[PDB]
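Here the Cβ is made from the backbone with ideal geometry for all residues, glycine too, and neighbour counts use every protein chain on show. Only the coordinates and a few stated rules stand behind these numbers; no lab work does.
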There are 2 protein chains.
Amino acid sequence: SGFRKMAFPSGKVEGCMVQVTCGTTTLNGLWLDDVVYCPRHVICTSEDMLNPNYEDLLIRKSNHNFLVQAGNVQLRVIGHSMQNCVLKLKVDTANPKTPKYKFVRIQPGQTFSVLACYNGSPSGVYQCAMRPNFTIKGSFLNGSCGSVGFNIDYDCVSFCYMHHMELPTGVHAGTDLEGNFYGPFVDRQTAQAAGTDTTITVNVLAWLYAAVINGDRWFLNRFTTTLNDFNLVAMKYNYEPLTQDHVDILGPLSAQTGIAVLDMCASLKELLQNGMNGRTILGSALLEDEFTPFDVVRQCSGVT
Amino acid sequence: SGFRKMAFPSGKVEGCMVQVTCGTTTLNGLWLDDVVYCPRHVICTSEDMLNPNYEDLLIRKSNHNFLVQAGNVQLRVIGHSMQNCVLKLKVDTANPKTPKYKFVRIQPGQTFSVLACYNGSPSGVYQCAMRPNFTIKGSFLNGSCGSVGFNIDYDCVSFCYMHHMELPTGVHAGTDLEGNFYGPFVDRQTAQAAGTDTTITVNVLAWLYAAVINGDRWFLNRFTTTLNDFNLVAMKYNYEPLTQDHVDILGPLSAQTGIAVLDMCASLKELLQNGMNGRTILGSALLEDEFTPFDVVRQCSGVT
Ligand SMILES: Cc1ccncc1NC(=O)[C@@H](C)c1cc(Cl)cc(O[C@@H]2CC(=O)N2)c1
Ligand SMILES: Cc1ccncc1NC(=O)[C@@H](C)c1cc(Cl)cc(O[C@@H]2CC(=O)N2)c1
């Protein structure tokens, strides 16, 4: 028993972290096979991050201007190209520590682990979610760019996120491993609108099932609701509308606990309308939405 | 910016996880050099966990009864001994992946990362604290015994915890890497009293400094207090008494923010007496006490 915001073991990803230096800028790169992936804003001086012409800026750059260091050893760059907002540096040596990997573009509401890095060195691992407004509420400082978000399925690492920037609001924006930003964000130092961030309803419900599974049952009531009645409440509280797909995904948790999804929705509705009244659920005083139904099942069954 | 419950990268510890089987029991072991460390309750059948005589139970066990597997390869056990509540299995092969390591016994209030494991395989990493009552609020299931708690300083892993049991209350108990339990707990299936769990005052204060450092300043007031006035409030709310050592440890955070420790204590006092009033601090609706002043400085400065 017990329920914690658990990240994936970071070992397979630590062996991929390298340092990329271009002129005066140092950030992180991901070394997989003979390619180093990093944010293209590595080629930007501070004077041009305001409105950069990346194509023009990259032309003034040659293979020898990209310094790639894996630990204490220098990697030889034999190729360089720009794919959307990431640079791909072809190196002459394949990473001996390359794990089995996939590049995947996650959906909002999905979760992933981040290995925060500085100068190609890992500093920490935390679990987060792609928010419905495509931002991530992470912990990143200057030098953390190029830090990656991933998931693990047995032995295969699915890379889903690369850190590119912090908005003036303190939230984080970045791309998939093909360089496409999640959301409407651009790698430009300009006023960018994050957008309204709703609560991931299906995740809050999955966490309510985890709470029941771990003994916290105070919030369970004698009521039920309908998808349309629950969704009227969800709209008022800026919660994502719950669909039949969400009910279906919650199926195994509903089966394991013997609590129908719509009954849990009525508990959620009562918590939304009345609040916690000074009580906690899994040691939290707010409704947690960064655990997917898959995360709950995984953590409550012990998948390694 | 941003503040998250961040665990250490788990790679160096993943390379040490092995599976130990004794009769019908399978749990995790820690392989460092030519020794595998694991909970001695590996030798216990279910019928004898109620009141085991470990010395007598171990006598009926030989080196060949301890099955140690590192991934898919079997390790040859050439020695076995009991040190307090851990068994030390001497194997004929040193772990090629042994990192630089220390065995340390942490203080209550200190934090550490846990690599939850099942069958010698890592499943997740989370950050937790040794509670003032010597328990840990972790996430552990059957098979997780032998999972370790550690800290990292540059390249040296300081092992501080080994998971042994869950109390009927849902909290977790375990030992240091010499087999001595943290707290009054025994590796026996009996009714054990966890004890009153107070809040780690110095950690809540460190987290209030992290909140200010990251923009959350609503809780700052026009008041101050004294150590004795603050401690009268701390006692009422089951908070650890704040000492001059705690004030001294908070020094660098006080210097960085320009907010005197006693002024922050008055903010804490007002939050304790009045509550959050529906507001949040670093995305939390309660006062967080599982970040030490060292964790706050580390995460706010980017130490790798
Ligand atoms: C300094 C910092 C702290 C933590 N993590 C990453 C960072 N990154 C940043 O804030 C920096 C270097 C940056 C890069 C890019 Cl590609 C775009 C930028 O514009 C921001 C987005 C917005 O709105 N204004 C800013
Ligand atoms: C089943 C489980 C779940 C998660 N993590 C570890 C576990 N462990 C346990 O609860 C088991 C196997 C256990 C071992 C030991 Cl050494 C002592 C025990 O007594 C408990 C302590 C108390 O009070 N009663 C119990």
message: Return the residues of the stretch A:137-166 that are under 25 Å from residue B:128 (Cβ atoms), within 11 Å of ligand 1 (Cβ to nearest atom) and either in contact with a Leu (Cβ under 8 Å, 6 or more places away or on another chain) or touching a residue at least 40 places away in the same chain (Cβ under 8 Å) (or both); say none if nothing qualifies.
response: A:144, A:147
message: Restricting to the stretch A:247-303, give me the number of residues that are aliphatic (A, V, I, L, M), within 12 Å of chain B (Cβ to nearest Cβ) and touching a residue at least 40 places away in the same chain (Cβ under 8 Å).
response: 4
- prompt: Among B:15, B:2, B:11, which is the only one that is within 14 Å of another protein chain (Cβ to nearest Cβ) and free of Cβ contacts under 8 Å to residues at least 12 places away in the same chain?
  reply: B:11
message: For the list (1) over 20 Å from the mean Cα position of the chain (by Cα); (2) under 27 Å from residue B:274 (Cβ atoms), I need the number of the one condition that residue B:245 fails.
response: (2)
statement: Pairs returned, first residue in the stretch B:201-213 that is free of Cβ contacts under 8 Å to residues at least 12 places away in the same chain, second residue that is outside any helix (DSSP H, G or I), beta-carbon separation under 8 angstrom, 6 or more apart or interchain, are none
statement: Subset of the stretch A:79-134, residues hydroxyl-bearing (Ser, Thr, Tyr) and within 9 Å of chain B (Cβ to nearest Cβ), comes to A:113, A:118, A:121, A:123, A:126
field: Every pair of residues 6+ apart whose Cβ atoms lie under 8 Å, when the first sits in the stretch B:38-55 and is under 23 Å from residue B:19 (Cβ atoms) while the second is in a helix (DSSP H, G or I) and hydrophobic (A, V, I, L, M, F, W, C)
entry: B:40/B:58; B:43/B:57; B:43/B:58; B:44/B:57; B:48/B:57; B:54/B:43
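The rows are residues; the columns are (1) crowded, with 23+ Cβ neighbours inside 10 Å; (2) of a type outside the set (S, T, N, Q).
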| residue | (1), (2) |
| --- | --- |
| A:23 | no, yes |
| A:30 | yes, yes |
| A:50 | no, yes |
| A:57 | no, yes |
| A:62 | no, no |
| A:71 | no, yes |
| A:76 | no, yes |
| A:84 | no, no |
| A:92 | no, yes |
message: Within the stretch B:250-262, does at least one residue satisfy the condition of being under 28 Å from residue B:9 (Cα atoms) and not in a helix (DSSP H, G or I)?
response: yes
- request: For residues that are within 13 Å of chain B (Cβ to nearest Cβ) and under 14 Å from the mean Cα position of the chain (by Cα), scanning just the stretch A:151-165, find the one that is nearest to residue A:194 (Cα to Cα).
  value: A:165
